[PDB]
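Take a look at the structure below.
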Amino acid sequence: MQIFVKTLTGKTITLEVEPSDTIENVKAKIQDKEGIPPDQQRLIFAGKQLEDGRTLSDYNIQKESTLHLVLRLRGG
Amino acid sequence: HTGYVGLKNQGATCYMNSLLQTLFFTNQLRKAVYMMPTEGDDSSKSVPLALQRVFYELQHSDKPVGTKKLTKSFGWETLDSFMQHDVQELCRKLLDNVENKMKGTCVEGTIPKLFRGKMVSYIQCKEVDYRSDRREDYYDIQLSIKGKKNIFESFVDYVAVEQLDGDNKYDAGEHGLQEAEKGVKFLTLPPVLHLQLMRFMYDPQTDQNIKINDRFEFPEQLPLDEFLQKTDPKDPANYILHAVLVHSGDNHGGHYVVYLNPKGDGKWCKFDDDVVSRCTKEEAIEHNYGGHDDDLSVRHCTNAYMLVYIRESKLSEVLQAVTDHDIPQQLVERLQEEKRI
């Protein structure tokens, strides 16, 4: 299924995922396409932060859902 | 002298005190927090109880309020914890924690009622007659700052259409992959609007993480009706500035304070950990726009990174009085007993 990821630049990329994909799997696919390592990714869907160990199915994510990527930056 | 009490600075906790005051003065949230059924909570491991305790002391203590039991309930007991998260993440996780605790209570759904809006992502193919919409909830809005004069220009940018092409063509069903355009439209805006200003970011150029200290203007009164797909004649999306969360510093680190006018009446105070003082509107608003005028003479690096607005039609409810009658006696008795010390 094709979802969207709104990236750090505000631009949107497409991502091909499976409902059984773990959030870890999704972060890895984002690195494959955008180059951001998984430990620098925070993914927000419908205002909620996606957690490792869960799957896309745990979150009602579907074709054309948008995940918001925010970078983990050190500070404060 | 303000009648509002500060929070102690008993270890580097960065943005935390700023956020705690911001949420404490979201009176309807504070009231719901007091109603959470924490009778049986662990007195140390419970984030809901720890927030009840901090709020109770902010409302009743005349001395600066400690937060060690709150950070223990978080499991964020060193600066590294705060270095590895940001205020948006702290806010979202805190609100999600107390939202879950409110499920199955007289106050279930308070967090979405206060903070949740609805938007729609719409896709239109460029060369085939195919379009699709997706509605999604949101609880805050991330606003691009770089190159934008003000909040208005950031909202225009937020809803600007983007092309989907190249390696990002849209899956248009029977039409296969298609060039398309994609945009966001707002369906609703919530009673309490959290705007995250994107001052801290990765910069591919210098290939590092930076803070943008550029000038970015935000108004006392913010009209957003023009960004809605459909407006409500009896409830315009007119927003009133409530809180300005401020950072002074650079790429190395800095100091965090928050400005609030708690009652929504334009009477502002500055909250700097244990020191709460009255300030002017200009000191809370214009002075936190940032900018670089006469940077040759001195660093200008003090500016807002998060704003809270409250919808005008909702102000008297969001900022309703919170009285001791609102606070369940079970909570009062448990906290008074804790000072067994």
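Chains: A, B, ... in order of the structure tokens. Residues: from 1 per chain. Ligands: from 1, in order shown.
Non-sequential neighbours of residue 86 in chain B (distance at most 10 Å, separation of 3 or more positions within a chain, only C-alpha atoms) are residues 72, 73, 74, 75 and 76 of chain A; 14, 15, 16, 81, 82, 83, 89, 90 and 91 of chain B.
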Interface residues on chain A facing chain B, 12 Å, only C-alpha atoms, written as an MDAnalysis selection string: chainID A and resid 1:16 33:36 39:51 60:76
Next, write the just-selected residues to a file, as a PDB file, in the first residue's frame, keeping C-alpha atoms as the atom set.
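For reference, part.pdb as written:
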ATOM      1  CA  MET A   1       0.000   0.000   0.000  1.00  0.00           C
ATOM      2  CA  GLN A   2       1.228   3.508  -0.823  1.00  0.00           C
ATOM      3  CA  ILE A   3       1.327   5.936   2.094  1.00  0.00           C
ATOM      4  CA  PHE A   4       2.853   9.417   2.286  1.00  0.00           C
ATOM      5  CA  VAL A   5       5.598  10.771   4.519  1.00  0.00           C
ATOM      6  CA  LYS A   6       5.799  14.528   5.048  1.00  0.00           C
ATOM      7  CA  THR A   7       9.565  14.989   5.366  1.00  0.00           C
ATOM      8  CA  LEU A   8      11.772  17.527   7.131  1.00  0.00           C
ATOM      9  CA  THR A   9      11.697  19.894   4.155  1.00  0.00           C
ATOM     10  CA  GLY A  10       7.884  19.890   4.245  1.00  0.00           C
ATOM     11  CA  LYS A  11       7.835  17.977   0.957  1.00  0.00           C
ATOM     12  CA  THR A  12       6.016  14.670   0.681  1.00  0.00           C
ATOM     13  CA  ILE A  13       7.426  11.351  -0.455  1.00  0.00           C
ATOM     14  CA  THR A  14       5.553   8.168  -1.240  1.00  0.00           C
ATOM     15  CA  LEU A  15       6.330   4.968   0.647  1.00  0.00           C
ATOM     16  CA  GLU A  16       5.293   1.405  -0.194  1.00  0.00           C
ATOM     17  CA  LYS A  33      14.382   6.453   0.352  1.00  0.00           C
ATOM     18  CA  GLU A  34      15.380   9.586   2.298  1.00  0.00           C
ATOM     19  CA  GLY A  35      18.636   8.628   4.027  1.00  0.00           C
ATOM     20  CA  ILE A  36      17.530   9.480   7.587  1.00  0.00           C
ATOM     21  CA  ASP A  39      17.194   6.480  15.429  1.00  0.00           C
ATOM     22  CA  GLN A  40      16.727  10.055  14.141  1.00  0.00           C
ATOM     23  CA  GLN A  41      13.079   9.527  13.098  1.00  0.00           C
ATOM     24  CA  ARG A  42       9.941  10.427  15.016  1.00  0.00           C
ATOM     25  CA  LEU A  43       6.783   9.490  13.106  1.00  0.00           C
ATOM     26  CA  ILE A  44       3.445  11.154  13.929  1.00  0.00           C
ATOM     27  CA  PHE A  45       0.131   9.890  12.558  1.00  0.00           C
ATOM     28  CA  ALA A  46      -3.134  11.695  13.305  1.00  0.00           C
ATOM     29  CA  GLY A  47      -1.398  13.535  16.133  1.00  0.00           C
ATOM     30  CA  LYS A  48      -0.041  10.378  17.799  1.00  0.00           C
ATOM     31  CA  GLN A  49       3.581   9.242  17.870  1.00  0.00           C
ATOM     32  CA  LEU A  50       4.272   5.804  16.389  1.00  0.00           C
ATOM     33  CA  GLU A  51       6.221   3.470  18.673  1.00  0.00           C
ATOM     34  CA  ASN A  60      -5.427   2.333  11.411  1.00  0.00           C
ATOM     35  CA  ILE A  61      -2.922   3.479   8.774  1.00  0.00           C
ATOM     36  CA  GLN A  62      -4.161   2.977   5.214  1.00  0.00           C
ATOM     37  CA  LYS A  63      -3.366   3.873   1.641  1.00  0.00           C
ATOM     38  CA  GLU A  64      -2.843   7.666   1.375  1.00  0.00           C
ATOM     39  CA  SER A  65      -2.340   8.155   5.132  1.00  0.00           C
ATOM     40  CA  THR A  66       0.304  10.792   5.857  1.00  0.00           C
ATOM     41  CA  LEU A  67       2.986  10.142   8.461  1.00  0.00           C
ATOM     42  CA  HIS A  68       4.704  13.286   9.671  1.00  0.00           C
ATOM     43  CA  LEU A  69       8.456  12.877  10.012  1.00  0.00           C
ATOM     44  CA  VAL A  70      10.127  15.045  12.620  1.00  0.00           C
ATOM     45  CA  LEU A  71      13.854  14.720  13.275  1.00  0.00           C
ATOM     46  CA  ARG A  72      15.235  13.837  16.698  1.00  0.00           C
ATOM     47  CA  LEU A  73      17.562  16.771  17.398  1.00  0.00           C
ATOM     48  CA  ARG A  74      19.593  17.003  20.597  1.00  0.00           C
ATOM     49  CA  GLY A  75      18.993  19.987  22.851  1.00  0.00           C
ATOM     50  CA  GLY A  76      17.424  21.280  26.053  1.00  0.00           C
TER      51      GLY A  76
END
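Compared by their closest atoms to residue 196 in chain B, and using only C-alpha atoms, the residues B:25, B:305, B:4, B:56 rank with B:305 nearest.
If you measure from each of B:281, B:131, B:263, B:300 to residue 27 in chain B using only C-alpha atoms, the closest one turns out to be B:263.
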Helix (DSSP H, G or I) positions in range 9-75 of chain A, given as a CSV table (one decimal) with N, CA and C atoms, in the first residue's frame:
chain,number,residue,atom,x,y,z
A,23,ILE,N,6.8,-0.6,12.9
A,23,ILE,CA,7.2,0.8,12.8
A,23,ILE,C,8.7,0.8,12.5
A,24,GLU,N,9.5,-0.1,13.1
A,24,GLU,CA,10.9,-0.2,12.7
A,24,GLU,C,11.1,-0.5,11.2
A,25,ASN,N,10.3,-1.4,10.6
A,25,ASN,CA,10.3,-1.7,9.2
A,25,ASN,C,10.1,-0.4,8.4
A,26,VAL,N,9.1,0.4,8.8
A,26,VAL,CA,8.7,1.6,8.1
A,26,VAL,C,9.9,2.6,8.2
A,27,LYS,N,10.5,2.8,9.4
A,27,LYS,CA,11.6,3.7,9.5
A,27,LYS,C,12.8,3.2,8.6
A,28,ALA,N,13.0,1.9,8.4
A,28,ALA,CA,14.0,1.4,7.5
A,28,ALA,C,13.7,1.8,6.1
A,29,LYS,N,12.4,1.7,5.7
A,29,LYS,CA,12.0,2.0,4.3
A,29,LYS,C,12.2,3.5,4.1
A,30,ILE,N,12.0,4.3,5.2
A,30,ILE,CA,12.2,5.8,5.1
A,30,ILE,C,13.7,6.1,4.9
A,31,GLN,N,14.6,5.4,5.6
A,31,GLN,CA,16.0,5.5,5.4
A,31,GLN,C,16.4,5.1,3.9
A,32,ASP,N,15.8,4.0,3.5
A,32,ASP,CA,16.1,3.5,2.1
A,32,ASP,C,15.8,4.6,1.1
A,33,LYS,N,14.8,5.4,1.3
A,33,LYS,CA,14.4,6.5,0.4
A,33,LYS,C,14.9,7.9,0.7
A,34,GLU,N,15.0,8.2,1.9
A,34,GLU,CA,15.4,9.6,2.3
A,34,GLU,C,16.7,9.7,2.9
A,38,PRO,N,17.0,5.4,11.3
A,38,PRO,CA,15.9,5.2,12.1
A,38,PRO,C,16.0,5.9,13.5
A,39,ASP,N,17.1,5.9,14.1
A,39,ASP,CA,17.2,6.5,15.4
A,39,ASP,C,17.1,8.0,15.4
A,40,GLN,N,17.0,8.6,14.3
A,40,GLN,CA,16.7,10.1,14.1
A,40,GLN,C,15.3,10.4,13.7
A,56,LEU,N,1.9,-1.0,11.6
A,56,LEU,CA,1.0,0.0,11.0
A,56,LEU,C,-0.5,-0.3,11.3
A,57,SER,N,-0.8,-1.6,11.4
A,57,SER,CA,-2.2,-2.0,11.6
A,57,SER,C,-2.6,-1.6,13.0
A,58,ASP,N,-1.7,-1.5,14.0
A,58,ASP,CA,-2.1,-1.0,15.3
A,58,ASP,C,-2.6,0.5,15.3
A,59,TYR,N,-2.4,1.2,14.2
A,59,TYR,CA,-2.7,2.6,14.1
A,59,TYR,C,-3.8,3.0,13.1
Near-range 20-23 of chain B list (9 Å; only C-alpha atoms; drop same-chain fewer than 6 positions) as a list in words: residues 6, 7, 29, 30, 51, 54, 55, 58, 91, 242, 243, 244, 245, 258, 259, 260, 262, 271 and 308 of chain B
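A straight line drawn from CA of residue 42 in chain B to CA of residue 76 in chain B is 17.3 Å long.
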